[PDB]
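Enquirer: For reference, the structure I am asking about is given below.
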Amino acid sequence: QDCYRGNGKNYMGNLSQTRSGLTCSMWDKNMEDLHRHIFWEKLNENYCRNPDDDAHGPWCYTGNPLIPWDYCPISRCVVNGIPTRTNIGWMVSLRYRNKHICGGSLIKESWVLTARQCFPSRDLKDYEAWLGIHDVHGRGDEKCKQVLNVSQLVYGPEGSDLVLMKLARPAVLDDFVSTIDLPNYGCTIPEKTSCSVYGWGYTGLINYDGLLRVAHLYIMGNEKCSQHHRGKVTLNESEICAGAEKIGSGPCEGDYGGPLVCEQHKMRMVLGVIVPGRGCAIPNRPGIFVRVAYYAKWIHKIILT
Amino acid sequence: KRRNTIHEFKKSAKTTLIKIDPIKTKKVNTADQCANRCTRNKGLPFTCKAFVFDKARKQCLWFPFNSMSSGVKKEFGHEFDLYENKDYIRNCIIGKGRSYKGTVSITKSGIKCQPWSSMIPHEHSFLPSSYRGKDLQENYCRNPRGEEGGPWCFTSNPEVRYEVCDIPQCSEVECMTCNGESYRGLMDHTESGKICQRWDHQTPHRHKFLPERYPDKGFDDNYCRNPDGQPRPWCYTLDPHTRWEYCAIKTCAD
Amino acid sequence: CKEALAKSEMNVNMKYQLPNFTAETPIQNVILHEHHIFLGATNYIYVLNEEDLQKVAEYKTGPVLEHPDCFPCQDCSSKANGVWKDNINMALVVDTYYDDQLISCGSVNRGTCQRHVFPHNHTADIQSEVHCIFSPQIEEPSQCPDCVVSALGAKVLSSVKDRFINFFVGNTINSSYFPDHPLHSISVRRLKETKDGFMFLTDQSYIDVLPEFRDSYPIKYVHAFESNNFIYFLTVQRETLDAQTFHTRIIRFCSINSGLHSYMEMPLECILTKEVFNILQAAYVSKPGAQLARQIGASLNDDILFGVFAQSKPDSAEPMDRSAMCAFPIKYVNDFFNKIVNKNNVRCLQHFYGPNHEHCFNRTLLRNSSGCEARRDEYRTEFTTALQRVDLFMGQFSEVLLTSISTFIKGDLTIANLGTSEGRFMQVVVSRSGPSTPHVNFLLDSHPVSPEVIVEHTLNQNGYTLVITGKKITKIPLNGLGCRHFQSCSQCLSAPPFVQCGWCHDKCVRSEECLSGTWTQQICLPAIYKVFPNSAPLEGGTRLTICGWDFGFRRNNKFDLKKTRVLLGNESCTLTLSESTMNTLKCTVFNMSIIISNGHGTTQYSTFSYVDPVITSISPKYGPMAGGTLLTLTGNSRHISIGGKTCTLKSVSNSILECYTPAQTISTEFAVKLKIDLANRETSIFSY
């Protein structure tokens, strides 16, 4: 019941129930804690109108520790790749009943970034993450293999197809295992910028020994992908589209939750998540991802938990 | 045409009603006319369940609301003479009771009545527009067909479609002391199923008694009494054929 | 003379030339897509252009060798040892999320499904490129993620959730089929994005009837559709595992690919009034017209479920050929799921949980407080208090079986494309307000109408409805297939205005053809077929039957028989209500013209007689008294007697008369008096 006002203050929301199912708490203690914590710059007691005028819109506080706050639900307005010669740290191998299902990105010492599509079950007694691996089964190496349980799942905004999962315990960070930074809030990529995907997936090989496979790529404008897709894509703000030039090579099954990492200026940085769409690896057809930039702030607010 | 209804109406004089938070007036000589205007089907664009006459102002005003509603104020304006419709205040059945308008929304087995506006849970409920005038209100149970079984309603309870509200006669709380003239009651039901003649009016059958000349013997509305102490109560009839008839009342004890 | 004037009733059987396409084999499913209309049929798939139904192209999934060891989509033509079975398509869907493809889903070949790809320049050429969808399940070969569709009966619904093509499929299962190769009663399939298989995302994602109730308790699904983030299903099945008696059921769950999470069955029934109709025959989901919106209380934009029920042969599934159609505003049924049914109407679900097993000893239902949050202890619930509806036609179809239905809107009215068991295709302006007579009731074909129909509605003024009967696919313009068939003025004026035509003095006709300019659609003249009798004595006010039509005044549905009167000369004959119908009159009153006045107009008819009776001659004159002889009379509804005893008329005429004489114990002669409802002039004496 909201349109054209993504800013909280414009919407006096008369509702008291979050996305998950937990009722909002007494706003005043939250105002104390937030004024201590959040530094944006008298809003109602215990109604999910968001004070902070956040990008994603109205949101509410919850008492429970594991979920301090969440949105109250309202309407609003790799195939043909190369093996990697060297061990890599951002890669997170997600393991479901003791086999790989998706790749993920390592953000902090206890936090990984993946896609909603990759969580068939919500259960955590079964998921198990590995870090620091060169072979999808680990037969290649084990020194850098880090086995961790999964502590908790946090879903993105509605319509995000984006998810974070937080670990039972932290990890030791060394050369073998590495994290990656995040974009600036509006960090907008130059057109024709080169950057690559790393994947663990189907790869279109009669046999794949289990090396993680790298595929280069170039960012294209949303307009160019509208042309190639012939109106089959209705492009929204949050997506990016980067497409292989003159060759059909792209991520496919198993690569969901994979990172689009790109080098901006001097260092390399993540920009996207590999998510399924539009088909697989069609020659002279681009690829479509979700831009972390539209959600980086939300990542920050949640990572403050 | 010219037909009488005012037997059905309820009379209280030297009084007035106002609901300050809201009525049509026309130049009428007799309260009898405005009353018929009310009673007759679709007589007036608004559903008048009351009206007041004053012979002095030569004007009549009609209320689509009785004193039973909230927001009504009762005052001693002596020239004004009220007119209610006892059908709503009845809290009785009368035979089939086709013209039952009372505000009972509960059934014999005690499950709520479905509103006649809402199609859930039962659907044979289109009647609010099907039958104009039968005063089928929000929820209260009526007899829109004048079906014999009694005023029935649809239950919110999904299993049972319709169940008939049990609702009393007027007779069950009415007794008669052996003389009857001592009994000062509320019935208007003869033995032949006819309604009494108005005492104050003398039309069509012309009778000797007027309430003003014999006050405190309660010749009010059309209430079968014993004006001269007959064993059981009686009145003159509206009916052009029969002059006068008794009224059958059971007896009480203790 | 009601029979003779039955020519007033519309010609139920008139023949129409409509674009009619025929196939070699029965047609099961049909899909409309991008100016082509594909058909699946026994051993075949066809593609059609619309406006002509020219078979532009075809692709041949003919008979297949079924041999136990031959794998499904490996090629075993070389095998010489084992039967040339045939396939019948049961699921034909179109996908365009991935690429413009068609998916067919065969019967015999283990129920493994295949794809056809549309080239960019030319779309009809489906034969050029074909794959199979077969993934050897190396991990867990024990289960089939790719053995999709059963044989006995199935419904398949495609959807795109989460950038994910999901097939929600229901199967009918015979006990014999399982141990060879498993199946499932209701299941959720992800298509692998590389388009070479399906995966079961979780053991939780399917529901199969427990091993013991396979042979008993068969469920056959009849419709499947999506709305409001829920995927409903409509099926038919036993009231209880040992009830050996049936009703329709509805299935609800939301559309998380992980599995069927909030799985709720409810009984659905439509009654008449309290006679119930158990079995559903077909259904169609549509939006309602303005008129019906209030009349069932639904908003103009809400989805609506139309279902035609047939009453069953008791303790059996076979329809009894007594039917109804009933409307279920989806908000109401969804509400029933959420709020109306109280706690202890709910139960566990028999066929899956098994009647005796731990959970439904006790479980709280987060039924109101939660709407399909994917929990761990999801509870599949079987309700017991059927959602009761009442008929929309008030049982005007109480004797004829309905088999296929569709609905579109038009103006404010809403129309139903009904179809019966013997191949008649009606169209009715449906409203609870008035019993409305079909404005098209032609016979289509000998075979029953298939439930699979398509309606396409271009620019709200040009549309059409493909319907399938036996081996025939036909295009019907919904715009009013005609109005030539109407012959009774009242019928001409009742036909809904969207078909522009009106009466011109002799027959319902399109406006711009008949020249007389008498073409009218609002007021029209009563008409008389005949009168019986036309011979009336001066004193005889005798029963005159009047055969005609349009004898009623008009009210859009209710035909007002009270604005009628009869004028004879100057006096008015005595018109009697209970025997006066828009069909006929029954009145009781020198050739004279009778005039009949109605609330619209009046009819003159030129020949009624106040004939003056004449009797002149009698036979015999002198004879015996035995009372067994034959009298003959002559001159110009009567009776005749002598001495209080009626002589039976041995012969009747205007100019000849014959009685058999009463026996009278007397030997003299009597003047015999005619009693033609009245003692008219007696004759003379005859010697007994």
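As shown in the structure tokens, the chain order sets the letters A, B, ...; within each chain, residues go from 1, and ligands are also counted from 1 in the order they appear.
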Enumerate as a ChimeraX atom specification the residues belonging to chain C that approach chain A to within 9 Å, with only C-alpha atoms taken into account.

Expert: /C:96-99,162-164,192-195,201-202,257-259,369-370,373-376

Enquirer: If you keep N, CA, C and O atoms, can you produce a file of those selected residues as a PDB file, in the first residue's frame?

Expert:
```pdb
ATOM      1  N   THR C  96       8.310 -19.960 -22.822  1.00  0.00           N
ATOM      2  CA  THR C  96       8.990 -18.849 -23.449  1.00  0.00           C
ATOM      3  C   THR C  96       9.912 -18.129 -22.498  1.00  0.00           C
ATOM      4  O   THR C  96      10.613 -17.207 -22.922  1.00  0.00           O
ATOM      5  N   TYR C  97       9.917 -18.510 -21.225  1.00  0.00           N
ATOM      6  CA  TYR C  97      10.928 -18.008 -20.313  1.00  0.00           C
ATOM      7  C   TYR C  97      12.320 -18.290 -20.840  1.00  0.00           C
ATOM      8  O   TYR C  97      13.148 -17.383 -20.963  1.00  0.00           O
ATOM      9  N   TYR C  98      12.598 -19.547 -21.159  1.00  0.00           N
ATOM     10  CA  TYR C  98      13.932 -19.883 -21.620  1.00  0.00           C
ATOM     11  C   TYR C  98      14.086 -19.512 -23.079  1.00  0.00           C
ATOM     12  O   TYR C  98      14.825 -18.588 -23.425  1.00  0.00           O
ATOM     13  N   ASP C  99      13.348 -20.184 -23.937  1.00  0.00           N
ATOM     14  CA  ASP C  99      13.341 -19.928 -25.368  1.00  0.00           C
ATOM     15  C   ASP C  99      11.985 -20.392 -25.868  1.00  0.00           C
ATOM     16  O   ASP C  99      11.285 -21.154 -25.196  1.00  0.00           O
ATOM     17  N   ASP C 162      10.928 -17.708  -9.310  1.00  0.00           N
ATOM     18  CA  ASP C 162      12.316 -17.574  -8.899  1.00  0.00           C
ATOM     19  C   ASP C 162      13.273 -17.784 -10.062  1.00  0.00           C
ATOM     20  O   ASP C 162      14.401 -18.223  -9.867  1.00  0.00           O
ATOM     21  N   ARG C 163      12.836 -17.447 -11.272  1.00  0.00           N
ATOM     22  CA  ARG C 163      13.605 -17.758 -12.479  1.00  0.00           C
ATOM     23  C   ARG C 163      13.782 -19.265 -12.642  1.00  0.00           C
ATOM     24  O   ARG C 163      14.893 -19.766 -12.755  1.00  0.00           O
ATOM     25  N   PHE C 164      12.674 -19.995 -12.650  1.00  0.00           N
ATOM     26  CA  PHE C 164      12.654 -21.434 -12.422  1.00  0.00           C
ATOM     27  C   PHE C 164      11.419 -21.990 -13.092  1.00  0.00           C
ATOM     28  O   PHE C 164      10.309 -21.661 -12.673  1.00  0.00           O
ATOM     29  N   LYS C 192      15.924 -28.618 -14.963  1.00  0.00           N
ATOM     30  CA  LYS C 192      17.342 -28.274 -14.968  1.00  0.00           C
ATOM     31  C   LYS C 192      17.598 -27.252 -16.053  1.00  0.00           C
ATOM     32  O   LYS C 192      17.133 -27.399 -17.185  1.00  0.00           O
ATOM     33  N   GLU C 193      18.336 -26.215 -15.692  1.00  0.00           N
ATOM     34  CA  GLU C 193      18.488 -25.061 -16.561  1.00  0.00           C
ATOM     35  C   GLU C 193      19.187 -25.437 -17.860  1.00  0.00           C
ATOM     36  O   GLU C 193      18.914 -24.849 -18.911  1.00  0.00           O
ATOM     37  N   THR C 194      20.070 -26.432 -17.825  1.00  0.00           N
ATOM     38  CA  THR C 194      20.658 -26.890 -19.077  1.00  0.00           C
ATOM     39  C   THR C 194      19.675 -27.673 -19.928  1.00  0.00           C
ATOM     40  O   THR C 194      20.075 -28.234 -20.952  1.00  0.00           O
ATOM     41  N   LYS C 195      18.404 -27.727 -19.534  1.00  0.00           N
ATOM     42  CA  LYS C 195      17.344 -28.355 -20.319  1.00  0.00           C
ATOM     43  C   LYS C 195      17.722 -29.778 -20.725  1.00  0.00           C
ATOM     44  O   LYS C 195      17.692 -30.149 -21.897  1.00  0.00           O
ATOM     45  N   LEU C 201      13.627 -31.379  -5.721  1.00  0.00           N
ATOM     46  CA  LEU C 201      14.447 -30.579  -4.824  1.00  0.00           C
ATOM     47  C   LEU C 201      14.508 -31.188  -3.437  1.00  0.00           C
ATOM     48  O   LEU C 201      15.508 -31.035  -2.732  1.00  0.00           O
ATOM     49  N   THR C 202      13.454 -31.870  -3.014  1.00  0.00           N
ATOM     50  CA  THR C 202      13.499 -32.510  -1.714  1.00  0.00           C
ATOM     51  C   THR C 202      12.492 -33.642  -1.684  1.00  0.00           C
ATOM     52  O   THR C 202      11.456 -33.592  -2.348  1.00  0.00           O
ATOM     53  N   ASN C 257       9.207 -23.720  -4.758  1.00  0.00           N
ATOM     54  CA  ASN C 257       9.672 -24.905  -5.466  1.00  0.00           C
ATOM     55  C   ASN C 257      10.197 -25.973  -4.524  1.00  0.00           C
ATOM     56  O   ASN C 257      10.267 -27.145  -4.900  1.00  0.00           O
ATOM     57  N   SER C 258      10.583 -25.587  -3.308  1.00  0.00           N
ATOM     58  CA  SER C 258      11.136 -26.551  -2.368  1.00  0.00           C
ATOM     59  C   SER C 258      10.171 -27.699  -2.125  1.00  0.00           C
ATOM     60  O   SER C 258      10.589 -28.840  -1.904  1.00  0.00           O
ATOM     61  N   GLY C 259       8.877 -27.420  -2.169  1.00  0.00           N
ATOM     62  CA  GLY C 259       7.900 -28.477  -2.011  1.00  0.00           C
ATOM     63  C   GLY C 259       6.539 -27.899  -1.719  1.00  0.00           C
ATOM     64  O   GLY C 259       6.366 -26.688  -1.571  1.00  0.00           O
ATOM     65  N   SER C 369      -2.944 -17.793  11.810  1.00  0.00           N
ATOM     66  CA  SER C 369      -1.847 -16.917  12.195  1.00  0.00           C
ATOM     67  C   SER C 369      -0.717 -16.945  11.180  1.00  0.00           C
ATOM     68  O   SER C 369       0.176 -16.092  11.223  1.00  0.00           O
ATOM     69  N   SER C 370      -0.728 -17.907  10.265  1.00  0.00           N
ATOM     70  CA  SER C 370       0.351 -17.999   9.292  1.00  0.00           C
ATOM     71  C   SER C 370      -0.215 -18.405   7.938  1.00  0.00           C
ATOM     72  O   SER C 370      -1.097 -19.265   7.843  1.00  0.00           O
ATOM     73  N   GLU C 373       4.128 -20.171   5.633  1.00  0.00           N
ATOM     74  CA  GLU C 373       5.540 -20.108   5.990  1.00  0.00           C
ATOM     75  C   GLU C 373       6.079 -21.531   5.913  1.00  0.00           C
ATOM     76  O   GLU C 373       5.540 -22.449   6.534  1.00  0.00           O
ATOM     77  N   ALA C 374       7.148 -21.722   5.146  1.00  0.00           N
ATOM     78  CA  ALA C 374       7.688 -23.057   4.903  1.00  0.00           C
ATOM     79  C   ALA C 374       8.363 -23.569   6.174  1.00  0.00           C
ATOM     80  O   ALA C 374       9.541 -23.335   6.441  1.00  0.00           O
ATOM     81  N   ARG C 375       7.584 -24.269   6.985  1.00  0.00           N
ATOM     82  CA  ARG C 375       8.152 -24.812   8.206  1.00  0.00           C
ATOM     83  C   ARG C 375       8.700 -26.214   7.985  1.00  0.00           C
ATOM     84  O   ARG C 375       8.952 -26.641   6.858  1.00  0.00           O
ATOM     85  N   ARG C 376       8.895 -26.928   9.094  1.00  0.00           N
ATOM     86  CA  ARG C 376       9.501 -28.251   9.020  1.00  0.00           C
ATOM     87  C   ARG C 376       8.439 -29.311   9.216  1.00  0.00           C
ATOM     88  O   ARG C 376       8.428 -30.341   8.534  1.00  0.00           O
TER      89      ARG C 376
END
```

Enquirer: Which neighbours of region 50-61 of chain B fall inside 9 Å, counting only C-alpha atoms, when residues of the same chain fewer than 5 positions from it are skipped, and could you give them as JSON, numbers by chain?

Expert: {"B": [9, 10, 13, 15, 16, 17, 23, 24, 25, 26, 27, 28, 29, 30, 31, 34, 35, 38, 66, 67, 79, 80, 81, 82, 83, 84, 85]}

Enquirer: Mind checking DSSP for region 315-427 of chain C and telling me the strand (DSSP E) residues as a JSON list (two decimals) with N, CA and C atoms, in the first residue's frame?

Expert:
```json
[["chain", "number", "residue", "atom", "x", "y", "z"],
["C", 319, "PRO", "N", -21.08, -40.24, -13.95],
["C", 319, "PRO", "CA", -22.09, -39.20, -13.90],
["C", 319, "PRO", "C", -23.45, -39.73, -14.33],
["C", 320, "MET", "N", -24.49, -39.22, -13.68],
["C", 320, "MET", "CA", -25.86, -39.65, -13.90],
["C", 320, "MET", "C", -26.56, -38.85, -14.98],
["C", 321, "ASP", "N", -25.85, -37.93, -15.62],
["C", 321, "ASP", "CA", -26.38, -37.02, -16.62],
["C", 321, "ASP", "C", -27.42, -36.09, -16.00],
["C", 322, "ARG", "N", -27.09, -35.49, -14.87],
["C", 322, "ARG", "CA", -27.84, -34.40, -14.27],
["C", 322, "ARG", "C", -26.81, -33.41, -13.77],
["C", 323, "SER", "N", -26.91, -32.16, -14.19],
["C", 323, "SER", "CA", -25.77, -31.26, -14.07],
["C", 323, "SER", "C", -26.20, -29.89, -13.57],
["C", 324, "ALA", "N", -25.18, -29.09, -13.27],
["C", 324, "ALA", "CA", -25.33, -27.73, -12.77],
["C", 324, "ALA", "C", -24.04, -26.98, -13.03],
["C", 325, "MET", "N", -24.09, -25.66, -12.98],
["C", 325, "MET", "CA", -22.86, -24.89, -12.99],
["C", 325, "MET", "C", -22.90, -23.87, -11.87],
["C", 326, "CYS", "N", -21.76, -23.68, -11.22],
["C", 326, "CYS", "CA", -21.73, -22.97, -9.96],
["C", 326, "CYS", "C", -20.44, -22.18, -9.89],
["C", 327, "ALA", "N", -20.51, -21.02, -9.24],
["C", 327, "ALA", "CA", -19.46, -20.02, -9.27],
["C", 327, "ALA", "C", -18.86, -19.86, -7.89],
["C", 328, "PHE", "N", -17.54, -19.83, -7.81],
["C", 328, "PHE", "CA", -16.85, -19.88, -6.53],
["C", 328, "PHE", "C", -15.86, -18.73, -6.47],
["C", 329, "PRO", "N", -16.28, -17.55, -6.05],
["C", 329, "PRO", "CA", -15.36, -16.42, -5.98],
["C", 329, "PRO", "C", -14.16, -16.76, -5.12],
["C", 347, "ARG", "N", -8.81, -32.21, 9.97],
["C", 347, "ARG", "CA", -8.23, -33.49, 10.35],
["C", 347, "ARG", "C", -6.85, -33.62, 9.71],
["C", 348, "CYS", "N", -6.16, -34.71, 10.03],
["C", 348, "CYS", "CA", -4.99, -35.07, 9.25],
["C", 348, "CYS", "C", -5.45, -35.57, 7.89],
["C", 381, "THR", "N", -3.73, -31.17, 5.69],
["C", 381, "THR", "CA", -4.99, -31.24, 6.41],
["C", 381, "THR", "C", -6.12, -31.54, 5.46],
["C", 382, "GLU", "N", -7.03, -32.39, 5.90],
["C", 382, "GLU", "CA", -8.24, -32.71, 5.16],
["C", 382, "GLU", "C", -9.42, -32.15, 5.92],
["C", 387, "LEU", "N", -17.71, -26.79, 1.16],
["C", 387, "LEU", "CA", -18.08, -25.45, 0.76],
["C", 387, "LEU", "C", -19.29, -25.62, -0.13],
["C", 388, "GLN", "N", -20.45, -25.18, 0.35],
["C", 388, "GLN", "CA", -21.70, -25.34, -0.36],
["C", 388, "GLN", "C", -21.95, -24.13, -1.24],
["C", 389, "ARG", "N", -22.34, -24.38, -2.48],
["C", 389, "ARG", "CA", -22.75, -23.34, -3.40],
["C", 389, "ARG", "C", -24.15, -23.66, -3.87],
["C", 390, "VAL", "N", -24.83, -22.68, -4.46],
["C", 390, "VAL", "CA", -26.09, -22.99, -5.12],
["C", 390, "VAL", "C", -25.97, -22.76, -6.61],
["C", 402, "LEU", "N", -23.58, -31.90, -18.70],
["C", 402, "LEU", "CA", -22.67, -30.88, -19.21],
["C", 402, "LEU", "C", -21.26, -31.43, -19.10],
["C", 403, "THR", "N", -20.41, -31.10, -20.08],
["C", 403, "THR", "CA", -19.09, -31.70, -20.07],
["C", 403, "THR", "C", -17.99, -30.66, -20.22],
["C", 404, "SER", "N", -18.29, -29.50, -20.79],
["C", 404, "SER", "CA", -17.24, -28.52, -20.99],
["C", 404, "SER", "C", -17.80, -27.12, -20.89],
["C", 407, "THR", "N", -15.93, -19.22, -20.17],
["C", 407, "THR", "CA", -16.63, -17.98, -19.86],
["C", 407, "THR", "C", -15.85, -16.76, -20.30],
["C", 408, "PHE", "N", -16.54, -15.83, -20.93],
["C", 408, "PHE", "CA", -15.97, -14.53, -21.22],
["C", 408, "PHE", "C", -16.97, -13.48, -20.76],
["C", 409, "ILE", "N", -16.55, -12.26, -20.76],
["C", 409, "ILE", "CA", -17.45, -11.18, -20.41],
["C", 409, "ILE", "C", -17.81, -10.44, -21.68],
["C", 410, "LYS", "N", -18.86, -9.64, -21.61],
["C", 410, "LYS", "CA", -19.26, -8.86, -22.77],
["C", 410, "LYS", "C", -20.22, -7.79, -22.30],
["C", 413, "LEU", "N", -22.70, -8.22, -19.17],
["C", 413, "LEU", "CA", -23.09, -9.61, -19.04],
["C", 413, "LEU", "C", -21.87, -10.51, -19.06],
["C", 414, "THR", "N", -22.06, -11.73, -18.60],
["C", 414, "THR", "CA", -21.04, -12.76, -18.68],
["C", 414, "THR", "C", -21.65, -14.00, -19.30],
["C", 415, "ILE", "N", -20.91, -14.64, -20.18],
["C", 415, "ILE", "CA", -21.49, -15.66, -21.05],
["C", 415, "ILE", "C", -20.81, -16.99, -20.76],
["C", 416, "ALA", "N", -21.53, -18.09, -20.94],
["C", 416, "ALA", "CA", -20.94, -19.39, -20.74],
["C", 416, "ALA", "C", -20.99, -20.18, -22.03],
["C", 419, "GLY", "N", -21.15, -26.98, -22.99],
["C", 419, "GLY", "CA", -21.13, -28.08, -23.93],
["C", 419, "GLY", "C", -21.67, -29.36, -23.32],
["C", 420, "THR", "N", -22.53, -30.07, -24.03],
["C", 420, "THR", "CA", -23.15, -31.25, -23.45],
["C", 420, "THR", "C", -22.45, -32.52, -23.88],
["C", 424, "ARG", "N", -23.85, -30.77, -28.34],
["C", 424, "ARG", "CA", -24.56, -29.52, -28.55],
["C", 424, "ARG", "C", -23.81, -28.44, -27.81],
["C", 425, "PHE", "N", -23.58, -27.32, -28.47],
["C", 425, "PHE", "CA", -22.78, -26.27, -27.86],
["C", 425, "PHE", "C", -23.61, -25.02, -27.59],
["C", 426, "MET", "N", -24.11, -24.88, -26.37],
["C", 426, "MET", "CA", -24.92, -23.73, -26.02],
["C", 426, "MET", "C", -24.07, -22.52, -25.68],
["C", 427, "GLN", "N", -24.71, -21.36, -25.62],
["C", 427, "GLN", "CA", -24.16, -20.13, -25.05],
["C", 427, "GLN", "C", -25.27, -19.44, -24.28]]
```

Enquirer: From the options C:611, C:270, C:317, C:678, which residue's atoms come nearest to chain B, counting only C-alpha atoms?

Expert: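 Smallest separation from chain B among the options: C:270.
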
Enquirer: Would you please work out which residue, of B:173, B:6, B:167, B:178, is nearest to residue 95 (chain B) when using only C-alpha atoms?

Expert: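 Distance minimum relative to residue 95 (chain B) lands on B:167.
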
Enquirer: Which residues in region 150-214 of chain C does DSSP call helix (DSSP H, G or I)? List them as a compact mmCIF listing (two decimals) with C-alpha atoms, in the first residue's frame.

Expert:
```txt
# COMPACT_ATOMS: atom_id res chain seq x y z
CA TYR C 177 2.51 -49.35 -11.91
CA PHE C 178 4.65 -48.49 -8.90
CA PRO C 179 7.16 -51.26 -8.09
CA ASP C 180 8.38 -51.36 -11.69
CA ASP C 203 11.83 -35.69 -0.57
CA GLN C 204 9.33 -33.19 0.83
CA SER C 205 8.46 -31.89 -2.62
```

Enquirer: Quick one: everything within 9 Å of region 22-38 of chain A, counting only C-alpha atoms, minus sequence neighbours fewer than 5 positions away in the same chain. Send it as an NGL selection string.

Expert: :A and (16-17 or 43-48 or 52 or 60-64 or 69 or 72)

Enquirer: Would you save the residues of that selection, restricted to N, CA and C atoms, as a CSV table (one decimal), in the first residue's frame?

Expert:
```csv
chain,number,residue,atom,x,y,z
A,16,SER,N,1.8,-3.4,12.2
A,16,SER,CA,2.6,-3.9,13.3
A,16,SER,C,3.0,-5.4,13.2
A,17,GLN,N,3.5,-5.8,12.0
A,17,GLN,CA,3.9,-7.2,11.8
A,17,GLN,C,4.9,-7.2,10.7
A,43,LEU,N,9.2,9.4,15.9
A,43,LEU,CA,8.2,8.7,15.1
A,43,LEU,C,7.5,7.7,16.1
A,44,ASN,N,6.4,7.2,15.6
A,44,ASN,CA,5.4,6.5,16.4
A,44,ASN,C,5.9,5.4,17.2
A,45,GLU,N,5.3,5.1,18.3
A,45,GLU,CA,5.6,3.9,19.1
A,45,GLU,C,5.2,2.6,18.4
A,46,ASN,N,6.1,1.8,18.1
A,46,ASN,CA,5.9,0.4,17.7
A,46,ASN,C,5.0,0.3,16.5
A,47,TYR,N,5.4,1.0,15.4
A,47,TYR,CA,4.7,0.8,14.1
A,47,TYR,C,5.8,0.8,13.0
A,48,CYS,N,5.7,0.0,12.0
A,48,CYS,CA,6.8,-0.4,11.2
A,48,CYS,C,7.3,0.7,10.2
A,52,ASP,N,14.6,5.7,9.2
A,52,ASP,CA,15.9,6.0,8.6
A,52,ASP,C,15.8,6.4,7.1
A,60,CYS,N,10.8,-2.6,10.6
A,60,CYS,CA,10.4,-2.6,12.0
A,60,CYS,C,11.5,-3.2,12.8
A,61,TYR,N,11.4,-3.0,14.1
A,61,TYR,CA,12.3,-3.7,15.1
A,61,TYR,C,11.6,-4.9,15.7
A,62,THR,N,12.4,-5.9,16.0
A,62,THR,CA,12.0,-7.1,16.7
A,62,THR,C,12.8,-7.3,17.9
A,63,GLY,N,12.2,-7.8,19.0
A,63,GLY,CA,12.9,-8.0,20.2
A,63,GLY,C,14.0,-9.0,20.1
A,64,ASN,N,13.8,-10.1,19.3
A,64,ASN,CA,14.6,-11.3,19.4
A,64,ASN,C,16.1,-10.9,19.0
A,69,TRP,N,15.8,-6.7,13.6
A,69,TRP,CA,14.9,-5.9,12.9
A,69,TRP,C,14.6,-6.5,11.5
A,72,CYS,N,8.5,-4.9,7.5
A,72,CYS,CA,7.1,-5.2,7.5
A,72,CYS,C,6.6,-5.3,6.1
```

Enquirer: Got a sec: who's within 12 Å of residue 114 (chain A), counting only C-alpha atoms, leaving out chain neighbours fewer than 6 positions off, as number ranges by chain?

Expert: A: 90-94, 101-107, 129, 153-156, 160-166, 254-260, 272-275, 290, 292

Enquirer: Which residues of chain C are close to chain B, meaning at most 9 Å apart when you count only C-alpha atoms, and how do they look as a PyMOL selection string?

Expert: chain C and resi 273+295-297+332+336+340-341+385-390+433

Enquirer: Find the residues near residue 176 (chain B): any atom within 10 Å, counting only C-alpha atoms, skip ones fewer than 2 places away on the same chain, and give them as a list in words.

Expert: residues 174, 178, 179, 180, 181, 182, 183, 184, 185, 225, 231, 232, 233, 248, 249, 250, 251, 252 and 253 of chain B

Enquirer: Rounded to one decimal, what separation in Å do you get between CA of residue 383 (chain C) and CA of residue 286 (chain C)?

Expert: 25.9 Å

Enquirer: Got a sec: who's within 8 Å of residue 466 (chain C), counting only C-alpha atoms, leaving out chain neighbours fewer than 2 positions off, as number ranges by chain?

Expert: C: 453-455, 464, 468, 473-476

Enquirer: Could you name the residues that touch residue 593 (chain C) at 7 Å or less, counting only C-alpha atoms, but leaving out those on the same chain fewer than 5 positions away, as a list in words?

Expert: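 The contact residues come out as residues 604, 605, 606, 607 and 608 of chain C.
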